[PDB]
Amino acid sequence: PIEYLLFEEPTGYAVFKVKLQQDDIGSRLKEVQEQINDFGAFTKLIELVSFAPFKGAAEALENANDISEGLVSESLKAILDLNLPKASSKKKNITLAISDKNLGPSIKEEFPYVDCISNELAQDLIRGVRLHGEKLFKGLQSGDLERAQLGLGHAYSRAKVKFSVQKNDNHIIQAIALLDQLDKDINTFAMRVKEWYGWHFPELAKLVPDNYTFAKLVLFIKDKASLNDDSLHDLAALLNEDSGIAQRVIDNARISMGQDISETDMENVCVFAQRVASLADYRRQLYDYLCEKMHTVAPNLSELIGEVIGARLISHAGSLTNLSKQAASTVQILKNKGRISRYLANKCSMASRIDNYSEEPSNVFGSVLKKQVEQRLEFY
Amino acid sequence: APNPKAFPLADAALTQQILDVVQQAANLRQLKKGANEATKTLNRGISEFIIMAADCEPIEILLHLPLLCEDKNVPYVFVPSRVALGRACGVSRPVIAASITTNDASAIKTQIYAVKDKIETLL
Amino acid sequence: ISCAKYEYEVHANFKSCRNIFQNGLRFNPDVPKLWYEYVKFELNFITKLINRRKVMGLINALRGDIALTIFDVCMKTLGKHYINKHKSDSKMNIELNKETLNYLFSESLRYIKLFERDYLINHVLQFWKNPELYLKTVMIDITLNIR
Amino acid sequence: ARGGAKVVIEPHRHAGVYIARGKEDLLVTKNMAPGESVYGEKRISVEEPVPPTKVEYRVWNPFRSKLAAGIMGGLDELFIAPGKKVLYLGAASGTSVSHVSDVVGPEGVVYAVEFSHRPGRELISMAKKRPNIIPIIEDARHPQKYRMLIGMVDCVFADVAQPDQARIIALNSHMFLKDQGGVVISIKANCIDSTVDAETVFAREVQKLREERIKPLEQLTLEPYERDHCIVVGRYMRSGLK
Amino acid sequence: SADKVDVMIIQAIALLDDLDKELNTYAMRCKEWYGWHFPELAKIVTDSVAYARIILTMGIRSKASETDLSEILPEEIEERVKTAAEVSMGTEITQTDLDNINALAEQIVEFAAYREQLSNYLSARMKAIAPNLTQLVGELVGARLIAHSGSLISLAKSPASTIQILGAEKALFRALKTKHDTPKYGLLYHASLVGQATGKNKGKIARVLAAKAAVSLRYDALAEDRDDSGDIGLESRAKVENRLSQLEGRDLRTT
RNA sequence: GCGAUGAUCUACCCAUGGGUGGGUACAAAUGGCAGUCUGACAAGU
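Calculation rules
Residues numbered from 1 in each chain as written, not as in the entry; some residues may be left out. Chains lettered and ligands numbered in written order. Part of a larger assembly, values for the part shown. Heavy atoms only, no water. Buried < 20%, exposed > 50% of the residue type's maximum accessible area, 1.4 Å probe, protein only. Helix = DSSP H or I, 4+ residues; strand = E, 2+ residues; numbered from the N terminus. Pairing = 2+ DSSP bridges. Contact = heavy atoms within 4.5 Å. Buried area = accessible area lost by both parts, 1.4 Å probe. Salt bridge = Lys/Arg side-chain N within 4 Å of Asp/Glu carboxyl O. Nonpolar A, V, L, I, M, F, W, Y, C, P; charged D, E, K, R; others polar. Patch = residues over 30% accessible without salt bridge, like charges linked within 9 Å, V, L, I, M, F, W, Y side chains within 5 Å. Areas by Shrake-Rupley, 256 points an atom, 1.4 Å probe, with all protein chains shown as cover. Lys, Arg positive; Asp, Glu negative; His and termini not counted. Charge placed at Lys NZ, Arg CZ, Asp CG, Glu CD. Expected span 1.5 Å × (residues − 1). Near = heavy atom within 4 Å. Polar contact = N/O pair within 3.5 Å; in protein donor to acceptor, adjacent residues only side chain to side chain. Axes fitted to C-alpha atoms, helices over the stretch in contact; angles between N-to-C directions. Parallel < 35°, antiparallel > 145°, perpendicular 65-115°, else oblique. Left-handed = near helix turned anticlockwise from the far one by under 90°. UniProt positions renumbered as here; feature names shortened; annotations may be inferred.

What about the pairing of strand β12 (residues 229-236) of chain D?
Residue and element names in this part refer to chain D.
- In terms of burial, β12 is a largely internal element, seven of the eight residues being buried.
- Pairing of strand β11 (residues 214-220) with β12 involves six bridges; the strand directions are antiparallel. In the strand pairing of β12, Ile214 is matched with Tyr236.

Some words on the arrangement of the chains
- Nothing in chain B touches chain C; the tightest C-alpha to C-alpha distance between them is still 22 Å.
- In this assembly chain B lies apart from chain E, the nearest approach of their C-alpha atoms being 24 Å.

Observations regarding unusual backbone geometry
All names here are of chain B.
- Of note, the bond from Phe7 into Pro8 is cis; its omega dihedral lies within 30 degrees of zero at 5°.
- Within the secondary structure layout, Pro8 lies in the segment before α1 (12-27).
- With omega at 0°, the peptide bond leading from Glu57 into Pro58 counts as cis.
- Topologically, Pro58 is positioned in the loop between β2 (47-53) and α3 (60-63).

Regarding the interface of chain D and chain A
- Contact with chain D, which involves 33 residues of that partner, is made by 33 residues of chain A.
- Summing both partners gives a buried area of about 3,100 Å² for chain D against chain A, and 54% of it is carried by carbon and sulfur.
- Between D:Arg238 and A:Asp124 there is a salt bridge, with the nearest N and O atoms lying 2.8 Å from each other.
- Secondary-structure elements contributing two or more residues to the side of chain D that touches chain A are α3 (118-129), β8 (133-136) and α4 (165-176) of chain D.
- Ranked by residues supplied to the side of chain D that touches chain A, first place goes to α3(D) with six residues.
- Tallied by class, residues from the side of chain D that touches chain A come to 15 nonpolar, eight polar and 10 charged.

Re a negative patch on the surface
- Where like charges cluster on the molecular surface, the negative patch consists of E:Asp68, E:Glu71, E:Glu75, E:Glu76 and E:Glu79.
- Inspection of the secondary structure assignment puts E:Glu79 in helix α5 (residues 75-86).

Points about helix α13 (residues 200-222) of chain E
Residue and element names in this part refer to chain E.
- The end-to-end C-alpha distance of α13 is 33 Å, a good match for the 33 Å that 23 residues give at a rise of 1.5 Å each.
- Those residues of α13 not exposed but buried are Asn201, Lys202, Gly203, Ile205, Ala206, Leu209, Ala210, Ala213, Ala214, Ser216, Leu217 and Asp220.
- The inward-facing, buried residues of α13 contact α7 (131-137), α9 (152-157), α10 (160-165), α12 (192-196) and α14 (231-249).

Section: the protein's contact with RNA strand F
- Around RNA strand F sit 29 residues in total, of which A:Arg339, A:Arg342, A:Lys347, B:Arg93 and E:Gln164 are the nearest.
- Considering the 4 Å shell around the protein, atoms of RNA strand F inside it are sugar or phosphate in 38% of instances.
- One nitrogen or oxygen atom from the side chain of B:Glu37 is found 2.7 Å from a base nitrogen belonging to RNA strand F.
- Elements represented by at least two residues in the surface near RNA strand F include exactly α18 (336-357) of chain A, α2 (35-44) of chain B together with α10 and α11 (169-178) of chain E.
- Examining the composition of the surface near RNA strand F, we find that five residues originate from one element, α18(A), more than from any other.
- The residue makeup of the surface near RNA strand F, split by class, is nine nonpolar, nine polar and 11 charged.

Topic: the packing of helix α8 (residues 170-200) of chain A against helix α1 (residues 6-37) of chain E
- It is the contact of α8(A) with α1(E), at a shortest axis distance of 12 Å, that shows an interaxial angle of 170°. Regarding the angle of α8(A) to α1(E), the classification is roughly antiparallel. The element α8(A) and its partner α1(E) pack so that their crossing is left-handed.

Points about the UniProt feature "domain: Nop" in chain E
- Taken from the UniProt record, the annotation "domain: Nop" applies to residues 129-249 of chain E.
- Here residues 129-249 of chain E is 73% helix and 0% strand, with 36 Å between the C-alpha atoms at its ends.

Considering the pattern of salt bridges
All names here are of chain A.
- Tallied over the entire structure, the rule returns 38 salt bridges over all chains.
- A salt bridge links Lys138 to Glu47; the nearest nitrogen and oxygen atoms lie 3.2 Å apart. Taken together, the residues span a long stretch of sequence, with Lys138 in the loop between α6 (120-132) and α7 (145-161) and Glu47 in strand β3 (residues 46-52) at a distance of 91 residues.
- By relative accessible area, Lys138 is classed as exposed at 61%.

A word on helix α2 (residues 97-104) of chain D
Residues and elements named next belong to chain D.
- Where burial is concerned, most of α2 is hidden: eight out of the eight residues are buried.
- All of the buried residues along α2 are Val97, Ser98, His99, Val100, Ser101, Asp102, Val103 and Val104.
- Phi turns positive one or two residues past the end of α2, at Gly105, with a value near 85°.

Below, the structure written as structure tokens:
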């Protein structure tokens, strides 16, 4: 009385037509349990009749949600409709083997001529299927089942536990790592090219140590010679001639003592200067972007302290959760000076707590804390 | 439609048992009173259970904590008044979080275990 | 489609064929190809019936309506399925809506070149309207006036 | 110990776990995603060169993770091997799941289960970071209801504290566990029922298990770490039970 | 001659090492970011440059399933990428974040291109400054030699055995001060000649190549009248090539 | 017009000025450690 069974997988349903039945009175027996484990006979016990894949990960997700919740999905309805032989329900109704006693009623109300069985007998059939699996399908289904398992598992998890999007923080973490190391290696390359081009012209080096402006000045000056009063006014359109620096560099170039060098060195070093200039632009841009994300995700802690410093705390702690979680002395770990510092540590622990666990932050409440600490400092 | 971020919160009778047990506890020094006190007991693994209030402004200061409680398997409750909790825990300002600590050498032992089980049933 | 072909061109139990098509569609609401041949099959139905009544009468817009209803349901369903391919920000929402509308209306354009032809294209553009697409199909209206 | 000592790593008897010897000895397992301590635990580093690379071992605080308390109190066969799979009922975090996932390693996979939400959120974070886990965030009382995601888990670990612990494992294990597969329970007297006392509680739970066919291979108390706890290792037979 | 400046030679090569180092670290970091969006990638493809090129191509797994990846990646691997994009565990990223990561990727590509630009620059400069050595032993190795010894007069100032041993000075000095046996290769390992030699032959070829390198180095270095055509180096390479293949042909077994 | 949302508490001179000493993180360098292997035979018949 178990003619058909329904089995399902992450990527697609299947229906099997059982060709026999393992006997029923004695199905805790040593022998029949072994026969379920030993594929050499369970093949005789079941053969595949159909397999209906899924269309996309999204539809597989919504389908798995439904088969959890106990309602029949559209693909499920269609596959059963295409499979099951019909009957006049009053005499000799058909039988299907399912594991969800909860699902049973929905199937019955849809098809008034099908009986869902879930005994220990049918759970054993499905266990045999769950065990052997991919050998049974004869190959109809391509795909890294296991990969689909992990993916769908994550998706179903997130969907129900209600993960949020803005509350991401690793972006803040990696952002601050970038800004720090980026300032470091930008300065490295800045003094690199500074020494290198001072080989040709060290007067500019001793004049301006400012790096990005150094890069732009290198971008203008090709060699220490092709500089006129027109170039003087051009540097005036650039940084400053009122400071006299344009006159300084033109005089030092007229008297220039750095040995002039190969043309190809001028072009490639100009390429280098363009590189460092674009990189500095990039760092400033990313800094502003960090400001944006901080004021969006956690403006509370930031307004209490500052964008970059709040990112320092979040990174060094590990994440926004952990930083909010831990008590208000580790936040100090990460005379009047000590006193005001500890007070601020407690209040920033506060700000972090609210600013994480909420669904969105409150700059005004952050400002209230800021003003309270400010009035205490004034009390000092 | 969603349960509020304070659930659970007790009815008045259970409020009475909680606050009374808290008071005797504070008089017998089995009690770490204060939000950071509570978080640090939870960390140190010496907590019998956790009371806290659900009217402080804002609520999220202490809403952080039951995360630790659920992970570590210790029960937690929200009483409807930091003012009442303060007057019952015996200090000068409103209190929003307190933790009853473990020690079996406790002359209120059976009292606290019965009340803790009441809480577990609330959940 | 091959089973439909055998069943039809050797015997043409049109009820059997329509059942095959509707079942296959229910299983594969993603395949615009299959929607295409279902539409052209119902066209074959209509044309065969029209010619048979013609020859019978010689010896001795319901149809556009059904075709365009098929068109309508195909549009709605494929649009939904194409959204659900990669199923969240308002801006990407907007651009992907733009892209799926582009795809669906390209499929409509293929339906038109597939193509009572005047009435069919008329209702196609009606359901359409219910930018560059706008200008292309108003040019199409001009070409219809030519036709 | 401190932050400057150099330790000596050593392959523990159980595959996957590792003694770290020094002036003072520790239990340490591999780490999958290097460079991010999960919960404030120190991580030994080693370096091996072909040019160099850094690999990273992680201490397993037995006070804080129950299975690790058991390992350090000595079990005979911990069924969790560097290749197999696992089901892990009751992981309010990855606090033990991080380690079990690391031991199980890249080729095996490990399933986590939770009922709660917010612990589930943190579990999602960890599952994002690490591949081995797949997280199931459902009420653990309906293997029917998440049957979607599991095929022949090769062992089970039970951490839950619900007084129907034996029934809940019976259900999930029947549905999922491979035949002749290591069930491991972490029994808790008070969590099961307070008025009865520890030894009777352990007895009665082992009885329920021995009736639902999980032949209990051994028992352990893990005394010097936590009180009234226990770890009952059993082997799932289902055929030739007696 | 203004282009006869080993000072910028050494500056350029040191810059090459550094540029490689921070290229690698930025590759690792952008891997972290975009893998957080899409974590199958880093394990599927491994070239930082190619990875960045996919980043440039797409910004969402939909555009992954749509666009074509013919030039960057062969087709089996790219359909692997498409199926992963369909089913990936990682989350999805917002517009501004995508803009910023895309711009990082442009920066990575720019450092790449600039690096090989610099390498071929150094190639031309090197054949200009010391042609015979360049032809003999190899651009990169010769550049490193002149770098390590500082000035070209110094590098030619040194004798042959040194230029053989010049890299692994550490193990050399350890062996000397504890009476073990000396190392043999040092920096001239990566010379292509040794790169085809095999074992004890690599040692012997390292020795002979080192001596000829001393000759060529010196002649490029000091000669008042230079043809810049690498004649001595070229004939030297002929010589060592011959010595090699004859040594190789000598098989040690019995027949 | 105080506080559990946190009170109190974690080297030497010249009377809130200057000079000395130590302890961690970052950079510098042509400081140091710190010194550039041997020197006629080999291979084929």
